[PDB]
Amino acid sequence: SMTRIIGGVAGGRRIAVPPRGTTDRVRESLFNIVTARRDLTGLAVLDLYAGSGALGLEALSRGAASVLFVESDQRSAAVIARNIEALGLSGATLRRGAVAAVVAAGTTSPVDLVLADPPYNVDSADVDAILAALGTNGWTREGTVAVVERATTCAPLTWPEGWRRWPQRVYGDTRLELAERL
């Protein structure tokens, strides 16, 4: 199947989705929330468990300078690459690998916005460990926003350390947890 980029310069353009996931309201809202509180212009973005790439590509559409997509599934990575090419927007890099492993090894290049939509079978307590790692392994700096999409049946996240949680939002059966590094 396909979904559509919501807003920005590629708004209304179609992108492919790998096999299931499993909304437009959720993605629209996510970016209304973020862009209400931050300009995407010039921002570096990390899109974890990227899947189709819908979240990172939305960010690029709305003026982010860079997005690193991290995705473990090879067919999903192919779909991401195809979507990057179809949109024609600069600044995308694709890293195919086990997400928690990439996150574990860290970086010297922090981002300003982390987007994550883990698969159904990732427990919230392992996500919590990823959130700690974002803080300590170079991925974030003061002001970095992290957004995690989870089904409402998943246990809520436990934010670490020095993150200020934003208000929690629900949409049908999906929850968005949002926080910023102090």
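Numbers follow the displayed sequence, beginning with 1.
According to the entry, the deposited sequence places 1 to 3 unmodelled residues between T22 and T23. Legend: mean Cα B-factor per stretch from the PDB entry, 53-61 versus 32-40; the higher mean is in 32-40. When the two stretches 152-160 and 112-120 are set side by side, the higher mean Cα temperature factor goes to 152-160. The PDB entry gives the largest Cα B-factor of the residues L87, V102, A81, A92 to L87.
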